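**Student:** Here's a structure for you.
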Ligand SMILES: [Mg+2]
Ligand SMILES: [Mg+2]
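In the entry's author numbering, the protein residues as written are 17 to 27, 45 to 127.
This is the structure:
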């Protein structure tokens, strides 16, 4: 089930503004986060916006959500998370 599998994902930083707005939408406050915190609020955002497939809860259908605009994706799988990590490398600054 979604948060269970989300928690299994592999990977202090100031998110760029498009990502920051997504994190604030998920209940995050301020601008300075650990990667652990960033991943946690991304999961919370995905859960409150119900972007995951009820049937296939590793699939996130993020298209025509600002998260899909940010990722440049219609979708990603938590089983093949490379596109999320591509966006995180572009959108977290030390
Ligand atoms: Mg702060
Ligand atoms: Mg979590």
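C-beta atoms are modelled at their ideal positions from N, C-alpha and C, and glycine is treated no differently.
Starting from the N-terminal end, write out each residue whose C-beta falls within a distance shorter than 7 Å of any non-hydrogen atom of ligand 1.
**Tutor:** Answer in sequence order: 63, 64 and 65.
**Student:** State buried or exposed for residue 78, treating a residue as buried only when at least 16 other CB atoms are found within 10 Å of its CB.
**Tutor:** By 1-based counting over the chain shown, the position of residue 78 is 45. Result: buried.
**Student:** I'd like to know whether the C-beta atoms of residue 104 and residue 117 end up nearer to each other than 9 Å.
**Tutor:** Position 71 of the chain shown holds residue 104. Position 84 of the chain shown holds residue 117. Closer than 9 Å, so yes.
**Student:** Does ligand 4 have even one heavy atom less than 8 Å from the beta-carbon of residue 19?
**Tutor:** In the structure on display, ligand 4 does not appear, and the ligands it does have are ligand 1 and ligand 2.
**Student:** Pick from 49, 68, 73 and 127: whose alpha carbon is nearest that of residue 22?
**Tutor:** Taking the chain shown and counting its residues from 1, the one referred to as residue 22 is at position 6. The option with the nearest alpha carbon to residue 22 is 73.
**Student:** Run through DSSP, which three-state label would residue 74 get?
**Tutor:** By one-based count along the chain shown, residue 74 stands at place 41. Helix at residue 74.
**Student:** Please name the residue or residues paired with residue 92 in a DSSP beta bridge.
**Tutor:** Translated into positions along the chain shown, residue 92 becomes position 59. Note: residue 92 sits in a beta bridge opposite 110.
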